[PDB]
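Reviewing the structure listed below.
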Ligand SMILES: Nc1ncnc2c1ncn2[C@@H]1O[C@H](COP(=O)(O)OP(=O)(O)OP(=O)(O)O)[C@@H](O)[C@H]1O
Ligand SMILES: [Ca+2]
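Below, the structure written as structure tokens:
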């Protein structure tokens, strides 16, 4: 069967648009599945839950994952999906809610400066970096699929 | 080969990526026989009704906007769209529908290979060499304060004021009427616009400027095309003062440039606050008045906390900053994978720019 961990392993992290992902129970905060190092701790899960109930918490304090503070960029509702976009240096990610859960994804290195800022300083030919839009789109397509299934 | 087209409420700036300045700058109007676009519609206000496709930075009528784009690709740039990636610009908080319509027009009417829509203030910030800061963009029909972190704007902290250069020119006409001379014809309004763009300046000390202009009878001489001389007095610094005191035109709900920057910053996460104060980037034609950056710096320093020293960035090329950053962004290696290809449009539809362009 298509396990929750397989979604994290193959559908989320396995897409290449994120190095960490976690599917988390919306009310109980339980870890349905998680992968990578940038997975929110229980106290960080409760903060995300409070953020999903009040977007002004994201604007004033962002979200914390793996002990790292990420700045909130933009929140809203994409239909049945509540979304939160965050960023920290070259890293960032998104939170997308489903019917009874939400997905947290993280890409990039937060201790590094963004590749666009490095190119602005010195435009050098380098390897392809993760597009934050691709991370958002992958999680959005997944989240839309669970909502269609009812999860 | 990549195209950069910055569509403003008054002026369109079109050029190629990699260049340091827009190669074609022309008014954003459409003239209809009582169809013509650009400088020629400007010069022919006798058989033509003039329309502005973009109002306050937002596209209002799409037929004339398509005409502007047609005149930009073929009559100005003299190029075929299918052979060139086009980077387009939009105002902050652009309605989702409008982005979908411009995407569909670019990908279907012009069958462009790839397309990207970027926020104008973000492009200005790129032109300033940083990806984090607050941009004050003041043009002809709209003014925005946009906080931005790592190349992404913070929409909850953006402020829009529907007042800019056109309102300033109208106010200059009004306050020049008090000398006994009226400015109602086309040529007279042209003279007023020229006086605003050439003689007006921001007073470093408004009350001291009033005193020095009243006690010394300081008046500047503007030469008219016919050789006659027009004396302009304190109006030179009373017109752009509206940008700092919008209540001069009854715009009490507009806070003015320093308080605009202050309130936008104060709506942000305080962890970024300092970095926003240290990178206040000015862009747009209405930021080009003399002493405007220094006055804004003094006021924002008076408002900021004690442990914060704000810094205003204002290069002599502010008016085209949005374009320059664009031509810079389309030149970076990271951006090459950020283009929205036509295949993605055929797959997901016009809504794809909601995910790829944020
Ligand atoms: N040197 C100058 N000093 C003052 N005002 C100027 C100067 N040069 C241009 N302007 C004014 O700036 C405006 C044009 O600025 P800009 O090209 O940035 O606007 P836009 O892109 O057409 O409009 P918007 O950003 O409002 O959609 C006009 O009102 C023009 O009169
Ligand atoms: Ca503009």
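Chains as they are written, first to last, in PDB author numbering: chain B, 0 to 150; chain A, 6 to 39, 52 to 375. Using N, Cα and C, we set each Cβ at its ideal position, and we do this for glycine too.
In this chain, the beta strand (DSSP E) harbouring residue 72(B) covers 67-76.
Looking at the DSSP output, residue 146(B) shares a beta bridge with no other residue. If you draw a straight line from the Cα of residue 96(A) to the Cα of residue 105(A), it comes to about 16 Å. Runs of the beta strand (DSSP E) spanning 3 or more residues and lying entirely within the region 286-333 of chain A occur at 297-300, in chain order. A Cβ of chain A is located within less than 9 Å of the beta carbon of residue 132(B).
Residue 114(B) has its alpha-carbon roughly 10 Å from the corresponding atom of residue 126(B). Taking 8 Å as the cut-off, one finds at least one heavy atom of ligand 2 near enough to the beta carbon of residue 301(A). Taking residue 187(A) as reference, the option from 171(A), 205(A), 19(A) with the minimal CA-CA separation is 205(A). Counting only runs of at least 3 residues, the region 228-298 of chain A fully encloses the following beta strand (DSSP E) elements, listed from N- to C-terminal order: 237-240, 246-249. Residues of chain B with a Cβ closer than 9 Å to the Cβ of residue 195(A) do not exist; the shortest Cβ-Cβ separation is about 46 Å.
Inter-segment contact for the region 281-301 of chain A and the region 329-339 of chain A is present: three or more beta-carbon pairs are separated by less than 8 Å. Taking the Cβ of residue 11(A) as the reference point, at least one heavy atom of ligand 2 falls within a distance shorter than 8 Å.
Taking C-alpha positions only, residue 145(B) is separated from residue 130(A) by approximately 34 Å.
By the rule that beta-carbons nearer than 9 Å mark a contact, residue 190(A) does not touch chain B.
Here residue 326(A) is not near residue 338(A), since their CB atoms are 9 Å or more apart. For residue 50(B), the closest Cβ of chain A is not nearer than 9 Å.
Taking a 10 Å sphere around the C-beta of residue 131(B), we find 16 or more other C-beta atoms and assign the residue as buried. Taking 9 Å as the upper bound on Cβ-Cβ separation, chain B lies near residues 166, 167, 168, 169, 170, 171, 172, 173, 174 of the region 159-178 of chain A.
Looking at the DSSP output, residue 101(B) shares a beta bridge with 23(B), 96(B). If you draw a straight line from the Cα of residue 122(B) to the Cα of residue 141(A), it comes to about 18 Å.
Secondary structure at residue 63(B): strand, using DSSP grouped into helix, strand and coil.
Between ligand 1 and residue 249(A), a heavy atom-to-CB distance of less than 8 Å is absent.
Taking C-alpha positions only, residue 228(A) is separated from residue 220(A) by approximately 12 Å. Taken through DSSP and simplified to helix, strand or coil, residue 32(A) comes out as strand. Between ligand 1 and residue 73(A), a heavy atom-to-CB distance of less than 8 Å is present.
Rounded to whole angstroms, the separation of the alpha carbons of residue 110(B) and residue 87(B) is 8 Å.
By the Cβ-count criterion, residue 114(A) is exposed, with fewer than 16 other Cβ atoms from all chains shown falling within 10 Å of its own Cβ. Between ligand 1 and the CB of residue 157(A), the shortest heavy atom gap is smaller than 8 Å. Taking each of 37(A), 83(A), 98(A) in turn and checking the Cα distance to residue 6(A), the smallest one comes out for 98(A).
Shown here, residue 162(A) sits in a strand according to DSSP, grouped into three states.
Shortest Cα-Cα distance from residue 59(B) to any of 303(A), 286(A), 58(A) involves 286(A). For residue 288(A), the nearest beta carbon of chain B is closer than 9 Å to its own beta carbon. Distance between residue 103(A) and residue 133(A), taken at the CA atoms: about 7 Å. Annotation: Cβ neighbours of residue 139(B) in chain A (cutoff 8 Å, chain order): 372. Residue 20(A) is bridged by DSSP to 9(A).
For residue 143(A), the enclosing alpha helix (DSSP H) covers residues 137-144.
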